[PDB]
Each structure stands twice: as C-alpha cells, then as structure tokens.
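For the sequence shown, the residue numbers in the UniProt record's numbering are 6 to 114, 129 to 416. C-beta atoms are modelled at their ideal positions from N, C-alpha and C, and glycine is treated no differently. Below is one structure, written out as structure tokens, with a few remarks after it.
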Amino acid sequence: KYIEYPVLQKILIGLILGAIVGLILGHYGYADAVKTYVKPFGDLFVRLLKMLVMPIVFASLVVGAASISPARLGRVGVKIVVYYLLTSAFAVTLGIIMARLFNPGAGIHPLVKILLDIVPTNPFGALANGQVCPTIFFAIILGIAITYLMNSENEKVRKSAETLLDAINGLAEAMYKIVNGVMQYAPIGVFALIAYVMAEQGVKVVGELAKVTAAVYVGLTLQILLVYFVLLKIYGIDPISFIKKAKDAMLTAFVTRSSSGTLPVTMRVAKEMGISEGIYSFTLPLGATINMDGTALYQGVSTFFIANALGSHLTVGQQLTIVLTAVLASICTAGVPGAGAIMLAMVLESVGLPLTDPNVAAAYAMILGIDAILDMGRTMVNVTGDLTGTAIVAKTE
Ligand SMILES: N[C@@H](CC(=O)O)C(=O)O
C-alpha cells in the first residue's frame, strides 16, 4: 500500500502529531472524548506486546544455549551475570543520591524463599500462569541437555533431539516476524497513547513532579556517561562509535516503550558492529528481562519520594534493603510498558509503606501519571546496557 516508508520515520511522525494534537484539544472543549474513542487504539497495542514476550523468552534461550558448548557458557555466563547484577545495584545507588541532592517529595508528613522459588514446581504451569524467571531456568537446563544427546551413540536420540531443536527455533523466528508486523501498527498506537496523556498532563503541574522528572532524567544521563564510557574506555572501545550505531536501537525503544519488541533490531545492530553469532544470541535475550538498569533507578527514586512525603525517614539498614529489593524487582518485571510500576509496590511493602493507607496510594497515584513519560527514558538505558555488556565480553573472548 502507501505505507512503505522505513519504520522509524513513521513512528517519529506519529509521536509528534500526538503531542501537538493532544494539547490544542486539552484547552478547548473536546478534551474528554480521546479517552472514549482514541484510547483503545493504545490498549490494543500493549496487549499485542505482552502476547509475544514469553514465547521469545523460552525459545531464543534454548536455541542460544544449545549452540554454545557447555564450557564456553561458563565464561560468558559468569562474566555477564556479574556485569548485569552489579550495574543494576550501582544505578539504584546513583538514584538515591540524586533524590537527596534534589530532595523531591516534600508534601506533608522470605529473602531465601524468593531466591528459591526460581526453581519451578511444575514448568508448564509457570510457562502459562506468567512466571518469567523460572522459564529462564528450565529453558537453559533443556538447552544444555540437548547438547550431550546430539553426541550420544544411539542414532534414535541423535535424530529426535535435532527435530526438537529444529521445531523451537522455528517457533522463535515466527515471533520475530510477528514483531515486525506489529510495528506497522505502532505509529497509530503511539499517537493515541501520548495524546491521552497530554489531555491530562502532569509535567510542571507542581514543583514536586517537575523535580522528579528532572531527578530521573539526570540520573539516566549520568548513568550512561559516568558508567558506560568509563568501562568502554578501560577495555578499549571508542564510545561515540558505539553510540552511533546504538542510536537506531535506542530511538526505537524510547518511543515504543518495549525492551522485547526491539530485540530483533538490537540483534541486527550487533552484527553491523561485528560481534560473534553465539555470544549475542545468548546475552541479548537474557539481558532484556534480567538487565534493567533504568527501571532500578526509577524504583529507588520513587521509593524515596513516597517515604519523604510520609516522613518515614530511612536509616542505613533499610536503604540497603531498598537497593537489594530494587535489584530483584528489575529482574522479575517483564519488559512491557506497565510492568515497571506494578512491582514498585513490592519494594514499598518490603520497607513497610503499606498500600492500606489512602495517603500512600495518593502519592502512588501521582507517580503513576508521569509514569507515562518516564517509560520512554527507562527503556533507552536498558537496551544500551545489553549492547555494552555484550561488546565487553566479545572483546576479551
Ligand atoms: N518494561 C520496560 C521498562 C519500563 O516499563 O520501565 C522495558 O523493559 O522495556
């Protein structure tokens, strides 16, 4: 048809128009019809994404782990899991600082059981009900086992396995195309989502919110410059060269608010910049759900906002408790637009800011509005975290 442009341009066109349109209408009469007519064209987008998160989690790992020999998995597995966890802890620390510096939120005044649940009691039940991390466990296990079999002596299993491995790898690829298909519908959805927001904007409505948005976006820029450039220069990468390519990937997530749908793009980029097949196949899909630096930061800052409004001044011991709980939530969260705030309640109940009080939900409701904006920045940082950790490893290897 007439829609044959490259994808990214259509999305940038749709986003601009949605911002302008939403405002001019906000003033004038028809500001509450968008909620009635437009919004579905946004909800209909979200649901398409959640659909395709799981299948590409399960499959891509199985295919990724089986190809790599067991030995090489140890090196690239240990190295990465290290890089993913630490940086996620550094970031949340970097956010706490920024909250004390800006000081938002004036207003008016089992730990083992979780680390144990990552083993599924029944796999097909977790695969369905929604549990994310357990499927990462069973996926890896099944990828390693298929490896030993293909070397087995009896010619029946050596055939059986391959067919199994050929099926799944067939499943994934199907999902990579579905993604490309959705994106064509994205620009409409993008236009709607932002529009409904501007009709009910929160930016600069009050000094509190304004500070929040600045406290975050500053931390996210300090996160990139301070941490990533440091590391890249140490190992011997030219950053601006690295960022240059990444701009195609970063832009797509910024507007779209998804770490998964961008996945095929990211893997397209990595080849242009010359990384090896086996390493990026494994680390990218793993990194999407596990490595969420930016989500952590937002979860630390918001927690301090809620606490500062209540006046629940935080001793050191619980500040570490925030750090540790924020890391876990960034992992369990799924990687689609709304998941980031849902778990923010987890950390809150962990420290003891219970949702039973109406005041907290009022404070919570405030963050939830602006959350629409913050979602665009959060995703940009996360995707770069994956490309960075990948390039590092491919260097030493
Ligand atoms: N779920 C988003 C991030 C967020 O919503 O905060 C992503 O990983 O792409």
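query	result
Below 6 angstroms from a heavy atom of ligand 1 - residues by beta-carbon	277, 278, 311, 314, 354, 355, 356, 358, 359, 394, 397, 398, 401
Residue 81 beta carbon less than 8 angstroms from that of residue 302	yes
Under the three-state DSSP convention, the category residue 220 falls into	coil
Residue 65 versus 300, 311, 388, residue with shortest Cα-Cα distance	300
Residues near residue 311 by beta carbon distance below 6 angstroms, same chain, minus five either side	349, 401
Identity of the residue in 276, 281, 267 nearest residue 292 by Cα	267
Inter-residue Cα distance where the pair is residue 217 and residue 404	30 angstroms
Nearest to residue 316 (by Cα), restricted to the options 186, 232, 30, 198	232
Nearest residue (CA-CA) to residue 76, options 91, 98, 154, 167	167
Length-filtered (4 minimum) alpha helix (DSSP H) runs lying within the stretch 12-49	12-32, 39-42
Between the CA atoms of residue 161 and residue 67 - distance to the nearest angstrom	7 angstroms
Reduced DSSP category for residue 181 - H, G, I as helix; E, B as strand; rest coil	helix
Boundaries of the alpha helix (DSSP H) in which residue 105 is found, first to last residue	75-107
Option in 107, 91, 286, 114 with minimal Cα separation from residue 409	286
Residue 374, DSSP secondary structure in three states	coil
Cβ of residue 23 within 8 angstroms of any chain C Cβ	The structure shown contains no chain C; it holds only a single protein chain.
Close beta carbons around residue 69, own chain, < 6 angstroms, minus the five adjacent residues each side	300, 301
First through last residue of the alpha helix (DSSP H) which encompasses residue 321	312-329
Start and end residues, alpha helix (DSSP H) containing residue 148	142-148
Local conformation of residue 238 per DSSP, three classes	helix
Three-way DSSP call (helix, strand, coil) for residue 195 in this model	helix
Start and end residues, alpha helix (DSSP H) containing residue 136	130-136
Extent of the continuous alpha helix (DSSP H) run through residue 6	That residue, residue 6, is in no alpha helix (DSSP H); it is neither H nor E in DSSP.
Minimum length 4: unbroken alpha helix (DSSP H) runs contained in the stretch 243-267	249-254
Identity of the residue in 114, 88, 35 nearest residue 378 by Cα	114
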